[PDB]
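Here the structure comes first, spelled out in structure tokens, and everything after it is commentary.
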Amino acid sequence: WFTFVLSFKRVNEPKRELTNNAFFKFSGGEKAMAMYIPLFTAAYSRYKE
Amino acid sequence: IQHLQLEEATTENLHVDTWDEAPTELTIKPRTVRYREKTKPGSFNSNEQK
Amino acid sequence: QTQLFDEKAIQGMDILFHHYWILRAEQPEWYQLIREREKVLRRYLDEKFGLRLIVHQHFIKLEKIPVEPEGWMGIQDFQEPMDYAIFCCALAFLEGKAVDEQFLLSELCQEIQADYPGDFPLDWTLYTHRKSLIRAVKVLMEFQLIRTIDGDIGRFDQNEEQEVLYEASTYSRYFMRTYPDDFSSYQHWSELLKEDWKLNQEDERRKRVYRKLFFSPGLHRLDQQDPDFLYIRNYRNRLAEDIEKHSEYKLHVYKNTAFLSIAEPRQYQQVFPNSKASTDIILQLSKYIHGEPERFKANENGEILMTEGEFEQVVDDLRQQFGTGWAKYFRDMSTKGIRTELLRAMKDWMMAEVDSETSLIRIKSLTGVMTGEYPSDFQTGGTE
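Protein chains in written order, with the entry's author numbering: chain B, 1226 to 1274; chain E, 347 to 396; chain D, 5 to 388.
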């Protein structure tokens, strides 16, 4: 019924949405950060319970 | 049947018209020997320095 | 032990689509390949497309009945209606000949002349009529409906006295599919479609969408509420997954168009872009339209509307910039001729429509998928 939407915001720049096309523009460090920050935060958030 | 040739499923956005989307860029070979046109065997570079 | 859709089945499906039919006597490898998976192919085609796959002792054929007929579909070697009329009359004649019976070209010409149903008689003293007959016979020979006992038909162009000895091959019987009623009761071809889809009431929409995708180069959104496009939007992901699973193609979807792309086209396939020069100008026009978004702002349906004068002005601008690199065929031809040729090409690919009433040009969103340019070094070369 629902869907997930990821968003990235560079400092002092307008918010956006993390599409595949916008993703490819990322650099290697940005790519890794985007891929893994959500997952490890998910692991983290689950433990908050 | 006929179809378009493309190397990758570049787009994923159902909501954007093709004009406003980023197109796929091709290199048209100019049809003058001024640049290049071949039917018989072509040449290679012999790149020994590399 | 059960069959599965695999490399062989995918290859067989492509071979079925891209040819009218496969003959055992000439395509034994393809015939054998198709037959082995024929069970899986029949199942898949019936469930998703609804096409009837005819598997026979001498041939295999997929009755590709289109959702809405389009210009490029027809037999391309023919250029006038008279060619189709002569082709059909020749078939009617072959129904009168037993298998491997031999008849002379003069008999075929005489019978075609007699039966030819137009108000205006068919006459062989003309050049154009003889050329039409030669094209019809060439297409017939292409499908191996008739074999040639030695001779030469090409001379018929410039020598009406030419003679040839032809042989009716077995395939003539099976060439044309079967029709629902006594076919004579129908009055216009449109009535045929209303029948062929009377057999596919079950999930007509899915078969409709699949046929449009696989057959046509593209699928254009009729309006804001086009049911086919709504269907595609609702099931984009599973459609893409299924099509990738079952064939080489990969689906694309846009606000105003949807189509299947192919990454590695084999030899026998037709694709865009290709060698013909008219495509080059199509790509250049696409780029030129991309470059002035405010002037050529597409309407909500994705069409771009231009009158013949405006299109000719655009073509003149293109001849000014990139004309130096066009093929010599177009470089030497006036603007209006280029407009006609380019519009025929774009019609074949369903890129654009010529409005029937106002002569207004509608450039469809499919054109904007691809853009082309000369290498920068030549363009700077064009400056020199």
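Note that beta-carbon positions come from the ideal geometry of N, C-alpha and C, so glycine has one too.
Best match in the options for proximity to residue i [C-alpha to C-alpha]
i	options	result
residue 305 of chain D	D/376, D/128, D/230 and D/188	D/230
residue 249 of chain D	D/7, D/13 and D/6	D/13
residue 213 of chain D	D/202, D/195, D/191 and D/238	D/238
residue 353 of chain E	D/252, D/353 and D/363	D/252
residue 84 of chain D	D/137, D/101 and D/224	D/137
residue 186 of chain D	D/196, D/178 and D/177	D/196
residue 376 of chain D	D/278, D/385 and D/388	D/278
residue 33 of chain D	D/45, D/46 and D/19	D/19
residue 241 of chain D	D/227, D/257 and D/78	D/257
residue 324 of chain D	D/208, D/140 and D/338	D/338
residue 297 of chain D	E/395, E/387, E/375 and E/368	E/368
residue 22 of chain D	D/54, D/77, D/52 and D/6	D/77
residue 1255 of chain B	B/1274, B/1230, B/1272 and B/1234	B/1234
residue 102 of chain D	D/150, D/109, D/73 and D/113	D/150
residue 331 of chain D	E/379, E/362, E/372 and E/363	E/379
residue 373 of chain E	D/384, D/122, D/79 and D/380	D/380
Range covered by the alpha helix (DSSP H) that runs through residue i
i	result
residue 34 of chain D	32-40
residue 141 of chain D	131-146
residue 1272 of chain B	1253-1273
residue 240 of chain D	240-250
residue 265 of chain D	Where residue 265 of chain D is concerned, there is no enclosing alpha helix (DSSP H), although the beta strand (DSSP E) it sits in stretches over 261-266.
residue 339 of chain D	339-352
residue 384 of chain E	From DSSP, residue 384 of chain E is part of no alpha helix (DSSP H); its letter is neither H nor E.
residue 357 of chain D	Premise fails: residue 357 of chain D lies in the beta strand (DSSP E), 356-358, not in any alpha helix (DSSP H).
residue 116 of chain D	109-119
residue 197 of chain D	194-200
residue 384 of chain D	380-387
residue 63 of chain D	Careful: residue 63 of chain D lies outside any alpha helix (DSSP H), inside the beta strand (DSSP E) at 63-66.
residue 79 of chain D	Taken as a continuous stretch (DSSP letters only), residue 79 of chain D belongs to no alpha helix (DSSP H), as it is neither H nor E.
residue 11 of chain D	11-22
Nearest-angstrom beta carbon gap, residue j and residue i [assumed within contact, 8 Å]
i	j	result
residue 357 of chain D	residue 282 of chain D	Going by Cβ atoms, the distance from residue 357 of chain D to residue 282 of chain D rounds to 17 Å, so no, they are not a contact pair.
residue 385 of chain E	residue 370 of chain E	So it is not a contact: roughly 28 Å between Cβ atoms.
residue 152 of chain D	residue 170 of chain D	6 Å
residue 354 of chain D	residue 220 of chain D	6 Å
residue 316 of chain D	residue 340 of chain D	7 Å
residue 89 of chain D	residue 120 of chain D	6 Å
residue 351 of chain E	residue 160 of chain D	In fact, because the Cβ distance is near 39 Å, the residues do not count as touching under 8 Å.
residue 142 of chain D	residue 81 of chain D	6 Å
residue 204 of chain D	residue 327 of chain D	The pair is not a contact, with the Cβ atoms about 49 Å apart (cut-off 8 Å).
residue 261 of chain D	residue 223 of chain D	7 Å
residue 363 of chain D	residue 312 of chain D	6 Å
residue 322 of chain D	residue 285 of chain D	7 Å
Cβ-heavy atom distance, residue i to the ligand ATP, below 8 Å
i	result
residue 249 of chain D	Ligands displayed in this structure: none; no statement on the ligand ATP is therefore possible.
CB contact flag (residue i, residue j, <9 Å)
i	j	result
residue 166 of chain D	residue 156 of chain D	yes
residue 97 of chain D	residue 115 of chain D	yes
residue 336 of chain D	residue 75 of chain D	no
residue 1246 of chain B	residue 391 of chain E	no
residue 232 of chain D	residue 173 of chain D	no
residue 377 of chain E	residue 329 of chain D	yes
residue 259 of chain D	residue 225 of chain D	yes
residue 319 of chain D	residue 342 of chain D	yes
residue 16 of chain D	residue 56 of chain D	no
residue 371 of chain D	residue 289 of chain D	yes
residue 419 of chain D	residue 176 of chain D	Lying outside 5 to 388, the shown extent of chain D, residue 419 of chain D is not represented and no answer is given.
residue 274 of chain D	residue 347 of chain E	yes
residue 164 of chain D	residue 209 of chain D	no
residue 45 of chain D	residue 38 of chain D	yes
residue 140 of chain D	residue 227 of chain D	no
residue 349 of chain E	residue 9 of chain D	no
residue 294 of chain D	residue 365 of chain E	yes
residue 1243 of chain B	residue 1232 of chain B	yes
residue 1259 of chain B	residue 1248 of chain B	yes
residue 280 of chain D	residue 52 of chain D	no
Delimiting residues of the beta strand (DSSP E) encompassing residue i
i	result
residue 366 of chain D	365-367
residue 370 of chain E	370-373
residue 294 of chain D	Counting along the chain, residue 294 of chain D falls outside any beta strand (DSSP E), though it belongs to the alpha helix (DSSP H) covering 281-294.
residue 349 of chain E	348-351
residue 159 of chain D	Here residue 159 of chain D belongs to no beta strand (DSSP E), and DSSP marks it neither H nor E.
residue 213 of chain D	From DSSP, residue 213 of chain D is part of no beta strand (DSSP E) but of the alpha helix (DSSP H) over 208-219.
residue 310 of chain D	308-310
residue 26 of chain D	25-27
residue 172 of chain D	169-172
residue 255 of chain D	254-257
9 Å Cβ cutoff, residue i in contact with chain F
i	result
residue 25 of chain D	In the displayed structure, chain F is absent; the protein chains listed are B, E and D.
Review point. When the Cβ atoms of the segment 59-66 of chain D are set against those of the segment 20-36 of chain D, are three or more pairs found closer than 8 Å?
Key: The answer is yes - the segment 20-36 of chain D touches the segment 59-66 of chain D, with three or more Cβ pairs under 8 Å.
Check your understanding: Does the pairing of the segment 294-309 of chain D with the segment 360-374 of chain D give three or more beta-carbon distances under 8 Å?
Key -> Verdict: yes, contact present.
Review point. Does the segment 202-218 of chain D touch the segment 64-78 of chain D, meaning 3 or more C-beta pairs lie closer than 8 Å?
Key: Contact between the segment 64-78 of chain D and the segment 202-218 of chain D is present: 3 or more CB-CB pairs across the two stretches fall below 8 Å.
Point to revise | Cβ pair count under 8 Å reaching 3, the segment 117-131 of chain D against the segment 174-194 of chain D | key: Contact between the segment 117-131 of chain D and the segment 174-194 of chain D is absent, because fewer than three Cβ pairs lie under 8 Å.
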